[PDB]
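Undergrad: In their complex positions, the first chains:
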Amino acid sequence: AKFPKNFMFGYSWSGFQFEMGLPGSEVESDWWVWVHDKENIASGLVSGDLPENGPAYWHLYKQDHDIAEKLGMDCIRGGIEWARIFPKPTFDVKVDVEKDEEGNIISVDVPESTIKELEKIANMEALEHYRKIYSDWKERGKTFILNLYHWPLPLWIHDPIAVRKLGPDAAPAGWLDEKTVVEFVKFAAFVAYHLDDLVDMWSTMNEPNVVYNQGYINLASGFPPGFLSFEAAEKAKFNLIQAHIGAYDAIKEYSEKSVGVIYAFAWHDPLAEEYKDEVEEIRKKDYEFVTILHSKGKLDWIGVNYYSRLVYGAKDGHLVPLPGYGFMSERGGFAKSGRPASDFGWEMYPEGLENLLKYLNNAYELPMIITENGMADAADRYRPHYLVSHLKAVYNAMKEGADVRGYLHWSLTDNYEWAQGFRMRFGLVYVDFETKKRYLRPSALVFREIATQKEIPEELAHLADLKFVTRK
C-alpha cells in the first residue's frame, strides 16, 4: 500500500497539553484555573494532575523535532495560545468586523496601523518564542500547519469558575459573549500578519464541537465552564462558527495560504438495519458545523480528527449511543465487538476512518488531512496495530477517491490529557514527566518504516489485521 510521493507524515500538538513542564512556561487561562480548582479536583471532575508538570515542549522543542525528523516526519500541525500572545485585554483596540442582520460576519479589516497598536499590548516575547519553535521545524525543510485555537481562552475572556457559580451574565463568559469573536478576529489577524512566513496552511480552530458540547451539555467531561444549558451550547456553537469565518477573513487579509478547520469526527453506526436512517440523520447533525462552513465557501481544507465510533440502538423508547461500543467501551478492556479498547475505553475501529473519509469526500469534495488519530496506550500493547490499521483505512479511502494530503498522529509524545491528566498516554514516544526524558515506543519504529518508505510495506501489512488483538 503505497502513498503518493508528497503525502505528508507527521504529528499534532497543542499549547496547553505540551508547552508547560519547566520553569518560565506557565501561562494563565480558563483551562489553567479550571484544572487547578480545588473543588474540581476534590470532586474528581478533573484529575489533579497539573499541566506545568508536562512535557516542557516550550523548552525542549528542538529535541522533539529531532525525534520527529528521524521518524521520517515531514509535517507538524501545532498551536499558538491566545492566552500567551494577549495576556491583557484587547477590547479598546477597535477594528472593523461587519455583520449581517442574522449575525454573520461578512467582512473584517484589521489595518496595519491597528496591528501596531496590538503589538504594544501583546506579549511580543511569547510571539518571538513561538517563531523560534516553528522556525526550528521549518528550517529543516518541513511543512508546518498552524492552528489558531485549541481550547484555552485568556482569563479576561473567560472566567469559568465565576460563570459556573454566578451565570454567564455575571462574568467573562468565553464563547457565550459576542465580543469574544471580535477579539479572536484581532488575534487571527495579528498572528497572520506576523507569522505567515513560517506557516504553510492554517486552521482556525480545533474540535470546536468538543468545546461547546462538553462545556455546556456533557458535564461529566469536566470541561469549562461546566454548567448545563442547551441554549448556551447553541450560542457558543453559533459564535464559534462566526469565529471561524472572522478568522478566515482575518488570515486572508495577511495570507494567501489555505485556511481550514480541524474537527472531531466520530463515526456513527446503527446496531441494526432498523436504525440506519436515524443514524444517517445523526451524522448530518453531528457534522453540521463543518457543513455550514463549507456551504459558506469558508473552508479550503478539512482536518479530520478521528479516534473511534458510536453505535446506536433503542433504550427505553429512545435511540441512544450504546455502552460497550466505540467511545463508550470499557477502559483497558474490549468492546462488545471483541475489538480491544484503549486506556480511555475507545474501541479500535479503523473501518470508521475508511467510512468517514469516503463520506466526507462525497459531502464536501475538499482536500483533507488526518490531523489527529491515535490511542491511549501506556505500554504500546496496541498502538502498532492501531497505527497501521488506520493508515490502511486512509489508503483504502484514497483508492475510492478521497483527497487526503497527509496523516498526523496524536501524538509524537505523551502529554497532558485535559481533565484526565497524564494517565492517558497517546505518544509514539513515552515521556517521564519527572525527568522530561523521551523514550521511543515500538510504534515509533513502525511509524518510521512507513513514513520513510511512503508505504505500508508488505512485511508490516499484518499490523493492519486485527485478528490477533480481537476476542473470539
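TA: Everything's here; your move. Residues are numbered from 1 along each chain as shown, chains lettered A, B, ... in the order given.

Undergrad: Dead centre of chain A: give me the residue that sits there.
TA: Taking CA atoms, centre = their mean as the criterion, residue A:206 is the residue nearest the geometric centre of chain A, at 4.2 Å.

Undergrad: For that one, give its distance to residue A:164.
TA: Distance of residue A:206 to residue A:164, given as CB to CB, to the nearest Å: 23 Å. C-beta coordinates here come from the backbone N, C-alpha and C atoms, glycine included.

Undergrad: quick revisit: ok, the residue nearest to the centre of chain A touching residue A:150?
TA: Yes. Applying CB atoms under 8 Å, one finds residue A:206 in contact with residue A:150, separated by 4.5 Å.

Undergrad: what residues are shared contacts of the two?
TA: A:14, A:79 (CB atoms under 8 Å, 6 or more residues apart in numbering).

Undergrad: Help me confirm that residue A:440 comes into contact with residue A:429.
TA: Yes. Judged on CB under 8 Å, residue A:440 makes contact with residue A:429 at a distance of 5.8 Å.

Undergrad: These two - which one has more neighbours?
TA: residue A:429 (21 against 17; other CB atoms under 10 Å).

Undergrad: which residues does the nearest residue to the more buried one once chain neighbours are set aside contact?
TA: Using CB to CB, 6 or more residues apart in numbering and skipping the chain neighbours, the partner closest in space to residue A:429 is residue A:413 (4.7 Å). Applying CB under 8 Å, 6+ apart to residue A:413 gives the contacts A:18, A:55, A:57, A:64, A:427, A:428, A:429, A:430, A:431, A:438.

Undergrad: tell me what the helix or strand that contains the fourth one is packed against?
TA: Going back to what we said before, that points to residue A:64. Assigned by DSSP states H and E, residue A:64 falls within helix A:57-70. In terms of contacts (3 or more CB pairs under 8 Å, 6 or more residues apart in numbering; DSSP states H and E), helix A:57-70 is packed against helix A:124-138, strand A:438-440.

Undergrad: Now do the first one: everything it contacts.
TA: In this case it means helix A:124-138. For helix A:124-138, using CB under 8 Å, 6+ apart, the contacting residues are A:57-58, A:61-62, A:65, A:68, A:76, A:78, A:80-81, A:84-85, A:144, A:146, A:194-195, A:198-199.

Undergrad: Okay, angle between it and helix A:57-70 too, please.
TA: 10 degrees (axes from the mean of the first three to the mean of the last three CA atoms, to 10 degrees).

Undergrad: Sequence for chain B below, add it please:
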Amino acid sequence: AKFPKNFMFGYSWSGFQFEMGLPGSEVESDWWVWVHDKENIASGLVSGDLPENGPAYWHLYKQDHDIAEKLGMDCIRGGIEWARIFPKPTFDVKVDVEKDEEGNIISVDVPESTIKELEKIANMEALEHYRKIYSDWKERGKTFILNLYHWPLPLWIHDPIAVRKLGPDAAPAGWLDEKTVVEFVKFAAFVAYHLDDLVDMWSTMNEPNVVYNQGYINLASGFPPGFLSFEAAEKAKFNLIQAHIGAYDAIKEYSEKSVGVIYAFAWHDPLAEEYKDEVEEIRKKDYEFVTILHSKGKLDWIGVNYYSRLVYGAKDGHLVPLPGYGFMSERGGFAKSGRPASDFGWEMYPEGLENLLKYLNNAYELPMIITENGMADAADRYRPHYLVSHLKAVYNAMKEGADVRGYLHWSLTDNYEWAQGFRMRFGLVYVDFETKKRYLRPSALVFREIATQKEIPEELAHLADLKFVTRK
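TA: Okay, chain B now, added to the rest:
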C-alpha cells in the same frame, strides 16, 4: 547498556518445529506418530495441529536467513534430525563404546571405515540438504551452532504408542534402552565427520530434562511416551547423561570445536524467607543434570534456555510450585505478582535470568550463551518488553562477572509448539501457516536496533521497565 563487540545476537530453531510445511519435507519419528495419534488428539492431550502444516523452513530457509541477517543477527543455533539422517536402523554397524562398571562411557571410537558403512544406510540426500541450509547462513560470514538432538527419535528407536500400551520391554523404548545411547554416538560421529566444516560450536542435546520429566512423570504435558514411572524418568535421565558424554567423545574424534549442552533452566524462588533453604536444594536438584556433565569435564559451554520461574510454598504439609506464579500463571492474564503472563501462562520475570546467570557463573565458571529466551505472544503486545527486559538482565549479570557470549531468541518465526500446536506463537516474525508468508512484528524492529548497535540504546531503555505492563 553496551554489549561486547563480539557478543552474538541471533535465534534458535529445531527440526520438528520448523522444517515441515511444504511437500517433500515430511519425516516419521516418535513425535510425528504421537501428534498424529487419534487417541491423543481426541483426548486433548495434543492439539490436533500437525507439523507438516508448519513454517516450511526446509524449503524457505534462504528467505528466513535473509530476514535474520537484516535484523542484525550473526548467530543461529539450529538442529539436525536423527530421524532424517538414519531412517533405517544402524544397530548392525558396530562401533567401540567403552563403559565402566557403573555404566559411564569412558571412550568412543567410530573409525573412518565405519563412517563409510554408515553412509551406505544414511539418507545422504537429507545430509546434503542440511548442508545447503547451514551453508546458506555460513556463506554470509555468520556463526552457526549445531545441536544434535531436539526431541524426536527415529521410530526404530522409539515407538511410543506401543510403549504406552504394552510397556517399554515390549517395543523400541527410546532413552529407556541402553543401545539408543550407542546408536546416538554413531549418529554424533557421523554428523561431526561430515559437517564440522559448517559448524562453529556444538551442542549434544536440547532440554534433556524436559524429555525425561515430561515423558515419564508430568503426563499432562502430552509428551511421548506418556506413561508414569519415576524409575523410567531416572533411567532416561541416566541414559541421556551418557548420550551427552558419548556424543561429546564422538564429536571430539572429528572436531576441535567446543561441545556443550542446551538445558531448560527455570529460576526457583521461595514465596517467603522460611522456604529459602528448601528452594536452594530444589535448584541444586533441578540443575544436577548439568552439574554432573561439568563435574565429569564434559562441558565446554552451557546453552541457557530461560523463559520463567517457579515460586514455592507449603500446601498440605508439602512444599510445591504455586499456581499464579511463573510457569503456572493464567494464560493471557497476570501472575499474582501483577506481572503479565504470556499466551502459555508464563510470567514475565527477567529478574530470574539475571539471578540464574549469576548462579550458573558461580556454579560452573563456563562460557554461556542464552540459547532460548522468548514468549508466546500472538499479537506482539508484550514481546518488546520481554525482549529488552531480559536483554538488560543479561547485561546486568555480565557486569557482575557472568561470561555470556550471545543471546539467541526463541524464535525468529512462529513455529509448531509441540503438544500445543500453532496456538503458541513465539516469533519476532509472524507466519501465516496457510500461505507461509512471513510478516515482521514490532519486536523484530526493536531487536534490529539493539543487535545492529550492540547495545540497548537509551531511547529503547524504557522497554526494560515493566511498570506499564504490571498490574497495580
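
Undergrad: The contacts of residue A:413 again please, this time with chain B.
TA: Residues in contact with residue A:413, defined by CB atoms under 8 Å, 6 or more residues apart in numbering or on different chains, are A:18, A:55, A:57, A:64, A:427, A:428, A:429, A:430, A:431, A:438.

Undergrad: how close does residue A:403 sit to chain B?
TA: In this view, residue A:403 and chain B are 30 Å apart by CB to the nearest CB, to the nearest Å.

Undergrad: contacting residues around residue A:98?
TA: A:105, A:106, A:107, A:108.

Undergrad: what's the answer for residue A:229, then?
TA: Per CB under 8 Å, 6+ apart, neighbours of residue A:229: A:216, A:217.

Undergrad: How about the one 4 residues further on?
TA: Going by CB under 8 Å, 6+ apart, residue A:233 touches A:212, A:213, A:215, A:216, A:217.

Undergrad: Pretty sure residue A:338 is one of the things residue A:470 touches, is it not?
TA: Yes. Proximity of residue A:470 to residue A:338 meets the contact threshold set by CB under 8 Å, at 4.7 Å.

Undergrad: Contacts for the next helix or strand after the helix holding residue A:64, please.
TA: Scanning forward in sequence from helix A:57-70 by DSSP H and E, the next helix or strand is strand A:75-79. Strand A:75-79 is contacted by residues A:8-15, A:65, A:68, A:133-134, A:137, A:142-148, A:150, A:203, A:206, A:262, A:303, A:369, A:371, A:406, A:408 when judged by CB under 8 Å, 6+ apart.

Undergrad: again, only this time at 6 Å
TA: Outside strand A:75-79, the residues that touch it by CB atoms under 6 Å, 6 or more residues apart in numbering or on different chains are A:8, A:10, A:12-15, A:137, A:143-145, A:147, A:150, A:371, A:406, A:408.

Undergrad: could you point out which element follows it?
TA: Next along from strand A:75-79, by DSSP H and E: helix A:82-85.

Undergrad: Show the secondary-structure elements that that following helix is packed against.
TA: helix A:124-138 (3 or more CB pairs under 6 Å, 6 or more residues apart in numbering or on different chains; DSSP states H and E).

Undergrad: Show me which parts of the helix it packs on are buried, residue by residue.
TA: A:126, A:127, A:129, A:130, A:133, A:134, A:136, A:137, A:138 (16 or more other CB atoms under 10 Å in any protein chain shown).

Undergrad: Check the spacing between the third one and residue A:97 real quick.
TA: This points to residue A:129. 29 Å.

Undergrad: and residue A:311, what are its phi and psi?
TA: In terms of degrees, to the nearest 10, the main-chain angles of residue A:311 are phi -120, psi 130.

Undergrad: ok, and the closest non-adjacent residue to residue A:328?
TA: Leaving aside its sequence neighbours, residue A:328 sits nearest to residue A:321 (CB to CB, 6 or more residues apart in numbering or on different chains; 6.0 Å).
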